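First comes one chain, alone, set out as structure tokens in the form deposited in one PDB entry.
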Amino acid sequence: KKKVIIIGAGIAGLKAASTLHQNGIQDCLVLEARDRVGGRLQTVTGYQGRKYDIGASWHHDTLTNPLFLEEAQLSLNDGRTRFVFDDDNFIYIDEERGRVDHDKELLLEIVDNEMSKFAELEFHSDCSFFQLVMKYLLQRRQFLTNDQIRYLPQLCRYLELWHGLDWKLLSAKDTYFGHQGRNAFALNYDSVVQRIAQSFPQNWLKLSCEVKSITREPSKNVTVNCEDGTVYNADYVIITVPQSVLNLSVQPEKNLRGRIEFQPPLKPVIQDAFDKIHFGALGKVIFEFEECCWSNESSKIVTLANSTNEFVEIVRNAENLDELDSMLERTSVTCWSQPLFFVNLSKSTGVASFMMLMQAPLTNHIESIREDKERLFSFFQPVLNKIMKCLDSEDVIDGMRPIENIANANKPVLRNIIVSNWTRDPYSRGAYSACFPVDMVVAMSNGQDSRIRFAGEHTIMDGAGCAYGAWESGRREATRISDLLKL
């Protein structure tokens, strides 16, 4: 029947569909399991109609990001605001100390820089980012004060919100990575998705179509089966489901929502690749306040996990990486058990809200209780008040239920909380490609064969794990299949 069948309507699949059409191609399809397009790009709506990207929210590498450049030109042509450069000077908050950023005596950003060059030098075996930070501290303690030894490691973990992985689950070798310039906050990624999706025959889109299996016949024809019985046959097939999903293609049984049974099975180089690449769990929590009543100094605030001086003496005393490694091994998870990244939306978008980013293992636990508004307010209440105090304000009032308080005005009134759910959603099963302490790109880039091709943020190297990477990978596979068929 069809020329090419695109599986998944994330930005990868959408771009691909866009290309094909743009290449005059016809008779294609976009099969999406969810009842909406966008995949890991979703803009939700909350209090008083405020909108928030619960999925991707920034255009990274604006100096070379091609998706971003395209958006910029559109904006040069029509003056519509599509984004805002929200990079800012980070505010770091510790529970006891308070602010420790731009400190006259702590000079933490400066040692962090050094720490980073140290990381580049170490490589230029591989351990965990946590293990790398310990070596650094050990090897440079002679030139680090006691307060730097205490806090630096906590501040430097802000990188956890970059991969969505705690410093002990994260590969040190992939941790530090330069960026091609500032970041631009998308003021409607849904506008990016919408545009691409409305640039090809709207009749190609088939929502709520979970694909159960993909089969390779002899007669250069591929057969796709959505689990509702309906079956399709096409020339080429572009698979864009998340790596975490695709990975299911090689496990016991075949049920598990999302899993696609391949026929024949996926080659060994492919299945091998899943052994050398994991997936992160970046999550988000939106805190909607009645109105801003705090200082809008910065739009970037990070709260540090708690630290101790007992940790220092062990740095001072340890003789080597083993004495320290063994001395360190010497519960209760709260809002102060890990670093939390808060985007203060008031300064950058004028919205009285906080977009907080979180990592594994915390993400999954918070998303598990996403419907428990009071439990959620109780869990983050401490860091929220600590933030408000540092930003010259008061403790948060809970106004999530009818009948505010009448005596607010000077106190931040929380009106709502929104939480992501990517780790519990079967069609995402996590946030995006991440490294545990490479080859998948090549595996995907080639394909299962000349007609069973792939695409997605995990099928490319430039822009890996990013929206534009997935966007481009969608064009790659697209352009190709196009050149041929066209004939």
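What we label the rigid core is the largest C-alpha set whose atoms superpose within 1.5 Å from one form to the other. A residue's number is simply how far along the shown sequence it sits, counting from 1.
Engineer: Is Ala172 unresolved, in the sense of carrying no coordinates, in at least a third of the other compared entries?
Structural biologist: Result for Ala172: never missing in the compared entries.
Engineer: Does the comparison with other entries of this protein show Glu253 left unmodelled in at least a third of them?
Structural biologist: That residue is present in all of the other compared entries.
Engineer: Zero if continuous, otherwise a range: how many residues of the deposited sequence are missing coordinates between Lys104 and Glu105 (none, 1 to 3, 4 to 9, 10 or more)?
Structural biologist: The entry leaves nothing out here.
Engineer: Mind giving me a quick count class for deposited residues absent from the model between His124 and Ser125? Options are none, 1 to 3, 4 to 9, 10 or more.
Structural biologist: According to the record, 4 to 9 deposited residues lack coordinates from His124 to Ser125.
Engineer: Between 227-235 and 305-313, which has the larger average Cα B-factor in the PDB entry?
Structural biologist: For C-alpha atoms only, the mean B-factor is higher in 227-235.
Engineer: Mean CA B-factor: is it higher for 354-362 or for 191-199?
Structural biologist: Going by the record's values, the stretch with the higher mean is 191-199.
Engineer: Looking at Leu340, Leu376, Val100, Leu266, which has the biggest Cα B factor in the entry?
Structural biologist: Top of the list by C-alpha B-factor: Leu266.
Engineer: Would you mind checking which of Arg453, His60, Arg34, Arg50 has the top Cα temperature factor in the PDB entry?
Structural biologist: Reading the PDB entry, the winner on C-alpha B-factor is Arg453.
Engineer: Please place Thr459 in the lowest, middle or highest third of its chain according to the CA B-factor in the PDB entry.
Structural biologist: It belongs to the middle third of the chain when residues are ordered by C-alpha B-factor.
Engineer: Is the Cα B-factor recorded for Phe130 in the lowest, middle or highest third of its chain?
Structural biologist: Middle third of the chain for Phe130's C-alpha B-factor.
Engineer: What third of its chain's C-alpha B-factors does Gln448 belong to: lowest, middle or highest?
Structural biologist: As the PDB entry reports it, the C-alpha B-factor of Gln448 lands in the highest third of its chain.
Engineer: What third of the chain does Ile214 rank in for C-alpha temperature factor, lowest, middle or highest?
Structural biologist: Top third by C-alpha B-factor.
Engineer: Taking only the Cα B-factors deposited for this chain, tell me whether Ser433 sits in the lowest, middle or highest third.
Structural biologist: CA B-factor rank for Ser433: middle third.
This next part talks about the form deposited in another entry, which is not shown.
Engineer: Of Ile277, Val250, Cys292, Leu324, which is the single residue whose C-alpha shifts by 2 angstroms or more between this form and the one not shown after core superposition?
Structural biologist: Per the superposition, the moving residue is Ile277.
Engineer: For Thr81, decide whether the Cα shift between this form and the one not shown is 2 Å or greater, given a superposition on the rigid core.
Structural biologist: No, because once the rigid core is superposed, the C-alpha of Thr81 moves less than 2 Å between this form and the one not shown.
Engineer: Indicate whether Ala431 shows a C-alpha shift of 2 Å or more between this form and the one not shown, with the rigid core used for the fit.
Structural biologist: The answer is yes, as the C-alpha of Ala431 shifts between this form and the one not shown by 2 Å or more after core alignment.
Engineer: Is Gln198 one of the residues whose C-alpha moves 2 Å or more between this form and the one not shown after the core fit?
Structural biologist: No, the C-alpha moves less than 2 Å.
Engineer: Based on a C-alpha change of 3 angstroms or more, tell me if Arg36 and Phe279 lie closer or farther in that other deposited form than in the shown form.
Structural biologist: Pair moves farther apart in that other deposited form.
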